[PDB]
Amino acid sequence: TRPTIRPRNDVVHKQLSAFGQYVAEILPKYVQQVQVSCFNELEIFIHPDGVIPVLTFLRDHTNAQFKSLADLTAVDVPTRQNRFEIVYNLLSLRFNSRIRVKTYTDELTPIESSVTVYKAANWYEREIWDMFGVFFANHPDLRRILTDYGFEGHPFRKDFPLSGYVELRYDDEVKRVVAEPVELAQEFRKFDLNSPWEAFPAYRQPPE
Amino acid sequence: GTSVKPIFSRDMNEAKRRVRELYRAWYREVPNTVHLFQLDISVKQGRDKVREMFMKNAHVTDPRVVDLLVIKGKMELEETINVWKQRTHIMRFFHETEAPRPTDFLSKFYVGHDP
Amino acid sequence: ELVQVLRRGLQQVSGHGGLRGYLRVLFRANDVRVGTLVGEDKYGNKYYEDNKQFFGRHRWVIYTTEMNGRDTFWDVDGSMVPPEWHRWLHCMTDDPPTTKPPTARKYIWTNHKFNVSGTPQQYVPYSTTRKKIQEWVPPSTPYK
Amino acid sequence: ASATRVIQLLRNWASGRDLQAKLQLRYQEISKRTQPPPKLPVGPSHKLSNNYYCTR
Amino acid sequence: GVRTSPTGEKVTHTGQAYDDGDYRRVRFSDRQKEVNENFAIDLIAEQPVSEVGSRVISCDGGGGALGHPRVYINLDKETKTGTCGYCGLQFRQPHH
Amino acid sequence: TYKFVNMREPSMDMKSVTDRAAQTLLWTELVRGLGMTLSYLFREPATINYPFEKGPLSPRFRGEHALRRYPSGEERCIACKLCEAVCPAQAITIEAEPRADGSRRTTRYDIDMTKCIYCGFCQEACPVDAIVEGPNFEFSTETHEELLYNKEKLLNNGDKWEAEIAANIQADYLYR
Amino acid sequence: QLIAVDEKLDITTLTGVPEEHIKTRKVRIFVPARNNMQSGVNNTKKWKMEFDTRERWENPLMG
Amino acid sequence: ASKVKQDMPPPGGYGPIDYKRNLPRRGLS
Amino acid sequence: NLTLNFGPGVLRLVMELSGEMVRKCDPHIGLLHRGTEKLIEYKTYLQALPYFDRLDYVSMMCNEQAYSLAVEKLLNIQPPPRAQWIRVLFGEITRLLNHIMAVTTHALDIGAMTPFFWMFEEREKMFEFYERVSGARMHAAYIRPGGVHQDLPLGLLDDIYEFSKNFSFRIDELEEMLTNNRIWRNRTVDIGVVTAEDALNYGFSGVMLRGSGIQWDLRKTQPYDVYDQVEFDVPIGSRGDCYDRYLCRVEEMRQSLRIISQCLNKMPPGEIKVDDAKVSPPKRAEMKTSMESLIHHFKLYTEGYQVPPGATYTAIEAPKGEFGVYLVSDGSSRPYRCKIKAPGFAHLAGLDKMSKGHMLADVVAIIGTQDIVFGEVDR
Amino acid sequence: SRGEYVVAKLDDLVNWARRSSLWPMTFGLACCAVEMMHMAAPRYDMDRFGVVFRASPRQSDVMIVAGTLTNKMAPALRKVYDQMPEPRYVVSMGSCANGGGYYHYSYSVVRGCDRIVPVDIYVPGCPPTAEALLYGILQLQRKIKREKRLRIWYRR
Amino acid sequence: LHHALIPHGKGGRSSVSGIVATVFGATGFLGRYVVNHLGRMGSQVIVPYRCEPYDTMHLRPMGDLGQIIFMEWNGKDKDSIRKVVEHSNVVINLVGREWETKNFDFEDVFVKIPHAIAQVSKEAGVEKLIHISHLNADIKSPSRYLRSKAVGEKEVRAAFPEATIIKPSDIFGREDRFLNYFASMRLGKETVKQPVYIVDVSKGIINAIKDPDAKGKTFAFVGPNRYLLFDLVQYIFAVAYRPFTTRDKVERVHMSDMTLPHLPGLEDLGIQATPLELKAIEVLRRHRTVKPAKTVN
Ligand SMILES: CCCCCCCCCCCCCCCCC[C@@H](O)O[C@H](CO[C@H](O)CCCCCCCCCCCCCCC)COP(=O)(O)OCC[N+](C)(C)C
Ligand SMILES: NC(=O)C1=CN([C@@H]2O[C@H](COP(=O)(O)OP(=O)(O)OC[C@H]3O[C@@H](n4cnc5c(N)ncnc54)[C@H](OP(=O)(O)O)[C@@H]3O)[C@@H](O)[C@H]2O)C=CC1
Ligand code: SF4
Ligand code: SF4
Ligand code: SF4
Ligand SMILES: [Zn+2]
């Protein structure tokens, strides 16, 4: 290619594919899919029941030993029956490699807490609960970490309005800060930026 | 079918048991909250507010929704007891500064287009 | 040594027009340094430079005592500098407007105004558009 | 710096180094605030031929 | 070309001025109303029409890269003059 | 390559022990710190005499927003609404219609300076150099309302600062 | 280990939405129509949910 | 005609930059 | 056992004390939660860029660089060499700024207030560099997902070199005031000791890992822009306490000076942004002359570039630790999801364990050595 | 009259004393606090104007809101303002504190600190430069110079 | 109805209520509550002040941007009153003072200023005027305060025939003089008081503005319960946990509150008057470091 195009690395791609096959072979009970992206990132899709086993294997196995939990978050996709996907990003210092583990859940199914595998997950799961309403079972102390006390709703859900439902001000009659329904002096301007004439033919979907 | 993974309660009876435990804890806590936050409301009206908040969700027939509501209420009680809230958070349950919105058709017709 | 610094101090006293001017500049600017006069401003400001001072102190302005409508003997502020001397004074350029003047336009303000907040000439915001919906005007003649 | 020699030696002895070698206040050693115009060359895709976008 | 409304307020270049019964005039009491004194329409009306002996000419607003995108104006029609859609300058062929 | 910051083992001979004891009892390092403070006491401070002296600035620096116009006197803005589209804070409100002469001009051009982030995206999106962010930064206000700029205020700002704005644009336009 | 409960899903009491923004709203489920100004059809591929339009008024300041 | 002109280091490069720690020993046994 | 609340950067901190000992330390955050991640979903990528300036607002261009790298990886493009060298130079300048702020604030909280002024003069000089290169002192928004916004002014490199030849003496003065002072050592030595395994399991990164003897640095193990073309040393601690982290930060300042020297001496020619007008906007003259350039400028500043669908996690060696972005694209010009990973989040989560069996005055030292800025913690 | 001249001089003396020693208590909420510290740095030396560094709330004269005010943080700021002695002023610094700024359409951000406390001076910028904040402080000094309390008391 | 004055929104901070109110005496005790109630529903409030602005600073956050306007004035000049009431459709008179000064005695405050305000509002075309007098105001009162109140009420009715007269009785509240005056003493059995809550009076004024048929009516704003002064002071001291103004105010507190059965009250404006027991603790908590008093009805 040309100097404006990002170069490819086939060696890392092959290594990640081989390790994904290795992990999938060792844990056929939970692994549902393994993917390697064109920019050399390895993703492992697992059943929700296997969060603790898969993470423990990836942390403790001699050939994996992913000793660091880089990040843990959730993504909201309203069109799926299982609304939320849980994403674990792990780093292995021994082999200088990164791995990603994805699972799924809905509003009412709890996900097992992984604080026994990684101590870092304590605040990440609290943040996930605060922003998406995903409950984590056997958490040491699950509670809101980011929103105000008494805040209702989970703002990071797609159907949560951007400006929320209530706003704060100081009232002189009651000599305290009160909450009232939001009322914008200027409404947020919604922009329709998506253009027709589809851009990337490689991602075209079947017309069903 | 329709088999789902439990959160805390397998059926409705133990879900209602947890509901009653949470109600007992809130009822016990109301006088201490009234005294400690120096609220101008009475204990009777605080317990009435607790009862009203519990009754807003009386229509729920799903044990998972019920025990998630119990979990949320227990977080609310933990915030109240540990004095993580201030007086404004407690008083936000009463909407003292909001002008009442009439319910009848004529009032809504007069005020604006909002049904 | 000590005699040199004392002599420079006395020279600073003498270079401000005597004790009167020395005290005037001392109480107006809290500084008694003497520098070459770069140029004169039309509102009365005076601009000096001294390349032997460190960067930031090598250019300064002695504000006028009377701009458009107020006595600025004590009440001075940075918005009193016109744009060309503003560009020179903030070291955005190495050239004073005296040597090379700004381009002349018919719409450029001839008289610079300072910050007018908290003053009857303050800016008061308003909508600049016209009415969008026109009401119907009933006739003046009774129907029956 | 317009510091007398006695004060220079006093501060040098107090800190224990040579301070005039490395001063923390800028002087005439800095660049001019007025600079000549630049040219800013173009990138590799500024060719008049053999430059189809489908190849880059 | 600033005009004065019958109420007394200056009419801005957008033509707006609060009506006699408008309560919003109270915001200008004890204060002033900002009106820009230079009306662009009049100022561009004062510009003389350029005489060019070419059928099609280009305008970029002057200053090269400091103006507007370069556009080409046709001057075949003799009833009117060619006007730049960006700058407002007028051009015309030397009739007669 | 890596370095060790705290991997020094003190000597245990009598001379080094006596040196450390003398340091402990006679407070040598504290005297060193006092000497450093004394050395700083006798140098010229870095303070400038504001407002008579000003901090150095550059042509690129973004100040208060202004609406410019052509040398003929007509405003450069053609109501393309690209600055309004690019504004990350939605601080720009624009309304337009054909003028009495048929020109494409704005009737409303509002900038909320209490919503603006002073990023300068609007001036780099403008195709006719109509909206710029001028060098003025001393425009503090006593009320919230006077920081809600309309078209008249921005045109007045442009007419007020045009000389310096044009000089800065001339200085910087070859880098853009 | 499984409840096997027969009841339609309902999460209104958990979303935190106010009471009058649940019962009085009317969402519209539709595939957006093609913008007839253009011939592209890439904006008519997915389904959209939008809410009913409510009152918009002019701010006394800034309009 | 006009050649390329942009911000570049001077020919031969810049002089060395001191970065190592310098805490001298004054002297008293 | 009494419970007390240190109310309101801005932090609410709930403790229970048994005399002088700290028994439990429960930090309460969210006082600076502005909903940045939800706001990003309503912006284009260029529109969402300035949020990263405000995330970790002591290291602005480092967050800019991390976001730009994530977007470049998703777009499958690369910046030109000169852009990469500028990025690394300004990242090292940003590291110097951040370490100055961290060390001087940590000293100020303990009670040493003079190096704060001493090094904030240098901070002001570096802010002048920022303003000259971008027009803004702090919230710069200079590093873009295609390179950098503008080329350097014609005299910036010489002034950077002039600044860099005098900074080592300032570091030396800071070390004379702090390094061998017995009060500073008594305040810092053996305070907040964390083991390597505990640091790894608690999600620590950066100095919090290197002070415990873990040999890890993202610029060395996973280099991103040109960091494989520069030479520097990684300071490694030996005791895992506040003193070792202080020494490590000072050594990183010296190594940043080294990298800045190398970057100044090896700045290449060429363009500053990817020569692809469907991603990076064209020049003003091209936009005002060519039809394609005007069309591309219009579309890039109204709609923005579309990013091919995919998800990536991109991390860099920020001055405070590993700063990462989990970016999800749905194929449009607006990011679908943007999760922001801040090392301060994990460090504040580990503050409770780090403060077991310590005085009330030691928690301030632990907070200072953790380098906590709540903009990135709360987001 | 004699009293009318005496009250004028006494007002002038009190105003000079109050504006010549302004002791600020700063809410360093967000990154405007960095520019606030840069105003206390040696280049500008806010101390040299009589404006001390980091005064206590119990003996503070002016409040500087430097950063985004969230809904979680508003009651604490209101309480701290309520604890200030009566001759108190508030300076709003930065776009976030002025009107919400780049977080204006957020579910958790107060759209301007003036919803919670009255504001005397608004300093625009994101962030305002330390020099701009100094200009705002001097404008507040001029505003304090402009007030006249004993004249009003004598005329009432 | 002047389209710009057509109400819009849902009655909140940024809504439009169609009310442009000029509130004279808005810098006092009742003025802050009146302005707060006007501004919470989105009305344009003109605040005329003779005092230093710093003392009006607390009224600024009571409304949205641009909805509260401050203008200097003085009661001896009709031009200032005119320029303040040009564009308002509601004028509220809250000017009063409990003592006499060397520049203003009771006559200027309670007769001359209200008459000038009413005349100027009538000449300016103001739709509604609400004037505040006292419940115990009458021509033959021993105190000059109530005599001036009665004369001013008569002159206001003469100048503005469609003015709404409101006669409260010993308003109590946080900044209210009445609760505070009694608790700061740290006689009785023959004088009777019927105090009224401040929020009740403010809401009554707002509802009278809203009420279309309350144009030329006179209202008497009184509390639910009627107390003997000795028992009321004993209750005040009990709530405050304490052991149990030259000539005019002592006379006023020594005389019993009148009864006006024919005058409409707060119940006709759709307001339930709040008992003193519910707000006494709120008012008197700050005077510290349960057996409500008996009432006669
Ligand atoms: C012996 C009995 C003592 C009784 C108590 C007395 C208390 C001490 C008072 C004596 C000290 C006098 C105060 C000195 C004030 C003068 C300051 C003057 O120079 O300021 C300038 C002059 O401003 C005013 O004109 C001065 C007003 C000062 C008061 C006027 C007369 C006061 C005397 C009345 C005393 C009677 C006391 C009665 C009770 C005992 C304006 O400067 P400013 O704007 O700030 O700063 C701008 C910064 N610049 C200059 C760099 C641009
Ligand atoms: N117990 C009570 O409070 C009840 C009050 N009364 C009447 O109700 C009205 C409001 O009472 P309240 O708020 O408690 O009294 P306040 O003292 O609290 O307020 C009086 C108001 O009138 C203004 N004012 C007073 N005198 C003048 C003047 N000469 N010129 C211009 N403005 C002046 C004040 O301004 P400034 O701050 O400058 O002095 C102030 O805004 C008054 O008319 C009062 O007489 C009715 C029954 C009892
Ligand atoms: S500078 Fe940025 S935030 Fe401000 S108006 Fe321009 S685009 Fe909008
Ligand atoms: S200012 Fe420029 S970008 Fe904005 S609408 Fe006008 S011409 Fe377009
Ligand atoms: S106002 Fe601007 S600079 Fe200040 S904290 Fe907010 S975003 Fe940052
Ligand atoms: Zn043209």
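Each chain carries its own residue count, running from 1 in the order of its written sequence; this scheme can depart from the entry numbering, and residues that have no coordinates do not appear. Lettering of chains starts at A and numbering of ligands starts at 1, both following the order in which they are written. All values in this description refer to the chains shown, which are themselves only part of a larger assembly. Processing note: side-chain calculations cover all non-hydrogen atoms of the structure and skip hydrogens and water entirely.

Deposited coordinates in this entry are attributed by the record to cryo-EM, at a stated resolution of 2.6 Å.

Enquirer: Any chance you could explain the overall build of chain I here in plain terms?
Expert: Looking only at helices and strands, chain I features 18 helices and nine strands. Over its C-alpha atoms, taken along the principal directions, chain I stretches across nearly 75 × 45 × 35 Å. Accessible area is worked out with a 1.4 Å probe on protein chains only. A residue is then buried under 20% of its type maximum, exposed over 50%, and partly exposed in between. The proportion of buried residues among the 379 residues of chain I is 77%. Approximately 9,100 Å² of chain I is accessible, and the part contributed by carbon and sulfur atoms is 53%. Charged side chains in chain I number 44 positive and 50 negative. The centres of these two groups are separated by 3 Å. Secondary structure elements are defined from DSSP: runs of H or I of at least 4 residues count as helices, runs of E of at least 2 residues count as strands, and each element is numbered from the N terminus. Each accessible area is a Shrake-Rupley estimate made with a 1.4 Å probe; only the visible protein chains count as cover when residues are assessed. Just so you know, the count uses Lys and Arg for positive and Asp and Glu for negative, and it drops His and the chain ends. Here the site of a charge means atom NZ of a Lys, CZ of an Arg, CG of an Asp or CD of a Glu.

Enquirer: I would appreciate a short explanation of the packing of aromatic side chains in the present structure.
Expert: What characterises a pair of aromatic rings is the spacing of the ring centres plus the angle enclosed by the ring planes. Note on aromatic contacts: the rings of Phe and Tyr and the six-membered ring of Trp form a pair at centre separations within 6.5 Å, being stacked when their planes are under 30 degrees apart, edge-to-face when over 60 apart, and tilted otherwise. Tallied over the full model, the rule gives 59 aromatic pairs over all chains. Both rings, one in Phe135(A) and one in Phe8(B), keep their centres 6.1 Å apart while their planes meet at 70°; by these two values the pair is edge-to-face. With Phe135(A) in the loop between α3 (121-132) and β7 (136-137) and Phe8(B) in the segment before α1 (12-36), the pair connects residues from two separate chains. With a centroid separation of 6.3 Å and an interplanar angle of 45°, the aromatic rings of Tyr202(I) and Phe204(I) are classed as tilted. You can call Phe204(I) buried: its relative accessible area is 2%. Members of the aromatic cluster, joined through ring pairs, are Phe151(A), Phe160(A), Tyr165(A) and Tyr107(J). Over the ring of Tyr149(F) we find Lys153(F), and its NZ or CZ is 4.5 Å from the ring centre. By definition, being over a ring means that NZ of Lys or CZ of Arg is both within 6 Å of the ring centre and within 35 degrees of the ring normal.

Enquirer: I'm lost on the coordination of the zinc ion (ligand 6) in this one. Help?
Expert: Four donors placed tetrahedrally around a metal ideally meet at 109.5 degrees, and six donors placed octahedrally ideally meet at 90 or 180 degrees. All names here are of chain E. Summarising the metal site, the zinc ion (ligand 6) is bound by the protein donors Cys59 (SG), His68 (NE2) and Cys84 (SG), whose distances to it range over 2.3 Å. In this listing, donors mean N, O and S atoms no farther than 2.8 Å from the metal, or 3.2 Å for Na, K and Ca; water is missing from the atoms, so a site can look incomplete. Sequence spacing of the donors to the zinc ion (ligand 6): C-x8-H-x15-C. Here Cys59 is found in strand β4 (residues 56-59), whereas its partner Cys84 is found in the loop between β6 (82-83) and β7 (90-92), with 25 residues between them in sequence. For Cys84, a relative accessible area of 4% puts it in the buried group.

Enquirer: Explain the arrangement of the chains here, please?
Expert: With 34 pairs of chains in contact overall, the greatest share of contacts is found between chains A and I. The contact definition used throughout considers only heavy atoms, calling two residues in contact when any of these lie within 4.5 Å. Nothing in chain H touches chain K; the tightest C-alpha to C-alpha distance between them is still 48 Å.

Enquirer: Whenever I open this one, the interface of chain K and chain J confuses me. Can you help?
Expert: How big an interface is tends to be stated in terms of the accessible area lost upon association of its parts. Facing 14 residues of chain K, the contacting portion of chain J comprises 16 residues. We define buried area as the total accessible area lost by two parts upon association, computed with a 1.4 Å probe and summed across both. Of the roughly 1,300 Å² buried between chain K and chain J, counting both surfaces, carbon and sulfur atoms make up 50%. Among the residues of chain K in contact with chain J, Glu52(K), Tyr54(K) and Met57(K) are the three that bury the most area, contributing 46% of the side total. Salt bridges are identified by distance alone: a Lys or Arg side-chain nitrogen within 4 Å of an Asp or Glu carboxyl oxygen. Applying the counting criterion to the chain K and chain J interface returns zero salt bridges. Charged residues are taken to be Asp, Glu, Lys and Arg, nonpolar residues to be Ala, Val, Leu, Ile, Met, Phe, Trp, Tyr, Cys and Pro, and polar residues to be all remaining types, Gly included. A breakdown of the residues in the side of chain K that touches chain J according to their chemical character gives six nonpolar, two polar and six charged.

Enquirer: Can you walk me through the sheet that holds strand β3 (residues 68-76) of chain A in this structure?
Expert: The strands that make up a sheet are held in pairs by hydrogen bonds between backbone atoms, and each pair lies either parallel or antiparallel. Residues and elements named next belong to chain A. Only when DSSP finds a minimum of two bridges between them are two strands counted as paired. Strands sit in the order β1-β2-β5-β4-β3 across an open sheet of five strands; the sheet is mixed. Of all the strands in the sheet, just β1 (31-36) and β3 have a single pairing partner and so form its edges. Here the strands of the sheet are splayed against their neighbours by 20° on average, with no regard to which way each runs. Strand direction decides the pairing type here: strand β2 (residues 42-46) and strand β5 (residues 97-105), joined by three bridges, are parallel. Its bridge partner lying in β5, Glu43 is registered against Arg100. Of the strands in this sheet, β1, β2 and β5 touch helix α1 (residues 10-26), which is tilted by about 175° from β1. Here an axis means a line fitted to C-alpha atoms, over the contact stretch when the element is a helix, while the angle between two N-to-C directions is reported on a 0 to 180 degree scale.

Enquirer: Which parts of the structure should I look at to understand the pairing of strand β7 (residues 310-318) of chain I?
Expert: Consecutive side chains of a regular strand alternate in pointing toward one face of the sheet and then the other. All names here are of chain I. Taken across its nine residues, β7 has eight buried, putting it largely inside the fold. Pairing geometry for β7 and strand β8 (residues 321-329), over nine bridges, is antiparallel. Along β8, the bridge assignment pairs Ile316 with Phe323. Between β7 and the antiparallel strand that follows it, β8, lie two residues.

Enquirer: Just to check I follow, could you spell out unusual backbone geometry for this structure?
Expert: Among all residues save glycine, negative phi is the norm, and among peptide bonds the norm is trans. Residues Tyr50(F) and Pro51(F) are joined by a peptide bond in cis, for which omega reads 0°. Relative to the helices and strands, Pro51(F) is located in the loop between α2 (28-41) and β2 (65-67). With omega at -5°, the peptide bond leading from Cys126(J) into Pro127(J) counts as cis. Within the secondary structure, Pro127(J) sits in the loop between β4 (121-123) and α5 (130-146). The phi dihedral of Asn50(D) falls on the positive side, at around 55°, and the residue is not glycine. Locating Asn50(D) in the fold gives a position in the segment after α1 (5-15). With relative accessibility at 66%, the residue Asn50(D) sits in the exposed group.

Enquirer: Even after reading the chapter, I still don't get the packing of helix α6 (residues 114-134) of chain I against helix α7 (residues 156-164) of chain I, so can you show me in this structure?
Expert: Geometrically, a packed helix pair is captured by the angle between its two axes and the distance between the axes. Residues and elements named next belong to chain I. Contact geometry of α6 with α7 gives a least axis separation of 11 Å together with a crossing angle of 170°. Between α6 and α7, the angle is such that the two are roughly antiparallel. Counted together, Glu122, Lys125, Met126, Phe129, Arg132 and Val133 of α6 and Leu156, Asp159, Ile160 and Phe163 of α7 form the full contact between these two elements. Split into classes, the residues belonging to the contact of α6 with α7 amount to six nonpolar, no polar and four charged. For classification purposes, an angle smaller than 35 degrees is called roughly parallel, one larger than 145 roughly antiparallel, one from 65 to 115 roughly perpendicular, and anything else oblique.

Enquirer: Would you explain the nonpolar core in this entry?
Expert: Nonpolar side chains in soluble globular proteins generally cluster together in the buried interior. Judged by nonpolar contacts, the single largest core of 210 residues is most densely connected at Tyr109(F), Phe52(I), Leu89(I), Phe90(I) and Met63(J). Sorting elements by how many residues they give to this core places helix α5 (residues 81-110) of chain I first, with 13 residues. Those residues in contact with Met63(J) that sit more than four places away from it in its chain are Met25(J), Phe27(J), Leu77(J), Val80(J), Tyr81(J), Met84(J), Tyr89(J), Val90(J) and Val91(J). What makes a nonpolar core is a set of buried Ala, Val, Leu, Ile, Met, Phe, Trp, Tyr and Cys residues whose side-chain atoms join them at distances within 4.5 Å. Of all hydrophobic cores here, the second largest spans 98 residues; its members include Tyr124(A), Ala15(B), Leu69(B) and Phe374(I).

Enquirer: Any chance you could explain the side chain of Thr94(I) here in plain terms?
Expert: Residue and element names in this part refer to chain I. With respect to the helices and strands, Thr94 occurs in helix α5. With relative accessibility at 0%, the residue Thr94 sits in the buried group. Not counting the four nearest positions on each side in its chain, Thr94 is found in contact with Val58, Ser59, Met60, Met61, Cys62, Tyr130 and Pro319.

Enquirer: Which parts of the structure should I look at to understand the site of ligand 3?
Expert: Taken together, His65(F), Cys87(F), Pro88(F), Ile92(F), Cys116(F), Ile117(F), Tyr118(F), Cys119(F), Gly120(F), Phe121(F), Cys122(F) and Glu133(F) make up the full set of residues near ligand 3. Here the shell around ligand 3 is composed, by residue class, of nine nonpolar, two polar and one charged. Put simply, a residue is near a molecule or strand once any heavy atom of it comes within 4 Å of that molecule or strand.

Enquirer: Which parts of the structure should I look at to understand the interface of chain I and chain A?
Expert: Across the contact, 55 residues belong to chain I and 60 residues belong to chain A. Regarding the contact of chain I and chain A, the summed buried area is about 5,000 Å², with carbon and sulfur atoms giving 56% of it. Its largest share of buried area at the contact with chain A, chain I owes to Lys38(I), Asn201(I) and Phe345(I), together 13% of the area lost on that side. One salt bridge connects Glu322(I) with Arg98(A), and the closest N-O pair in it is separated by 3.1 Å. Polar contact is the term for a pair of N or O atoms within 3.5 Å; when the atoms are in protein, one must be able to donate a hydrogen and the other to accept it, and sequence-neighboring residues count only if both atoms are side-chain atoms. There are 27 residue pairs in polar contact connecting chain I and chain A. The greatest single-element share of the side of chain I that touches chain A, amounting to four residues, is contributed by β7(I).

Enquirer: It is not clear to me how the UniProt feature "binding site: Zn(2+)" (unreviewed entry) in chain E should be interpreted in this structure. Could you clarify?
Expert: UniProt positions are given in the numbering used here, feature names are shortened, and annotations may be inferred rather than shown by experiment. Mapped onto this numbering, the UniProt entry gives "binding site: Zn(2+)" (unreviewed entry) at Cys59(E), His68(E), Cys84(E) and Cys87(E). Despite a sequence span of 29 residues, these residues sit close together in the fold, their greatest C-alpha distance being 10.3 Å. Here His68(E) shows up in the loop between β4 and β5 (71-74). Residues contacting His68(E), with those up to four places away along its chain left out, are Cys59(E), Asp60(E), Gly61(E), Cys84(E), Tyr86(E), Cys87(E), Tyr70(F), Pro127(F), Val128(F) and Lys288(I). Among the polar contacts listed, one links the side chain of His68(E) to the backbone nitrogen of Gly61(E), at a separation of 3.1 Å. In this fold, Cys87(E) is placed in the loop between β6 and β7. In contact with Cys87(E), not counting residues within four places along its chain, are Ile44(E), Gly61(E), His68(E), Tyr70(F) and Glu74(F).

Enquirer: Looking at this structure, how should I read the UniProt feature "domain: Zinc finger CHCC-type" (unreviewed entry) in chain E?
Expert: Under the UniProt annotation, the feature "domain: Zinc finger CHCC-type" (unreviewed entry) is placed at residues 55-91 of chain E. Here residues 55-91 of chain E is 0% helix and 32% strand, with 11 Å between the C-alpha atoms at its ends.

Enquirer: What should I look at first to understand the side chain of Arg82(I) in this one?
Expert: Position of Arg82(I) relative to the elements: it lies in helix α5. Polar contacts involving the side chain of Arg82(I) include one to the main-chain carbonyl oxygen of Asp7(H), which spans 2.8 Å. Ignoring sequence-local partners within four residues, the contact set of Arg82(I) consists of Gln6(H), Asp7(H), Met8(H), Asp151(I), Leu152(I), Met267(I), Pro268(I), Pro269(I), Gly270(I) and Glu271(I).

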